[PDB]
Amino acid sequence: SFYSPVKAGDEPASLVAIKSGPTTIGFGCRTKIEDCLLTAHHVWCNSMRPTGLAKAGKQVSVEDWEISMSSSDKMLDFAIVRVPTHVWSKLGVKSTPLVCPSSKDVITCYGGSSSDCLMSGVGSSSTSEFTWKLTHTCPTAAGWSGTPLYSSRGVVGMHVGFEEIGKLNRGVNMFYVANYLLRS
């Protein structure tokens, strides 16, 4: 009801699913921070090992790729991974820039329990006086961690969890993180 099905090929070109054997452990996007996969720390580092990247039924295995940066802070919860560029093209994944979030962004969020079985939510996203923090109303589920907060203007942030469970959700503002927190 709060969700619409999404046919493979109709999700954004940046969106990628993160698999651990049969299990989708979360989502991510291709972006620039150099060029990278951005997902949640708990998807990439605190779940069962990532073994593959999936997009629309297409699959590529995960090899010993470098984790450029990560934070296991509940409030940041990010992992920035250097995926060889051929893997991105094998999947047909196109980059998308991290745009600056605002007081109110209209957002779509995508997730599912398999690469080819995707659905979409809609909500709004808002910045905090705690600059690293976003809160949003996009309906998500278990396994939707690392999924980008897409606006018409672009990816404003990354979904990581809850603010209050089922009332208000939580993102990390990766724009602020990349500009003020991360060291080159």
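In case it trips you up, residue 1 is the first one in the sequence shown, and so on.
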* Deposited residues absent from the coordinates between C138 and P139, none, 1 to 3, 4 to 9, or 10 or more? -> none
* With respect to the recorded C-alpha B factors, which stretch has the higher mean value, 39-47 or 114-122? -> 114-122
* Between 74-82 and 103-111, which has the higher average C-alpha B-factor in the PDB entry? -> 103-111
* Asked: In terms of the chain's CA B-factor thirds, is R153 lowest, middle or highest?
  -> highest
* For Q59, the third of its chain into which the C-alpha B factor falls -> highest
* To do: Going by the recorded CA B-factors, say which third of the chain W65 sits in, lowest, middle or highest.
  => highest
* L168 CA temperature factor, ranked by third within the chain -> middle
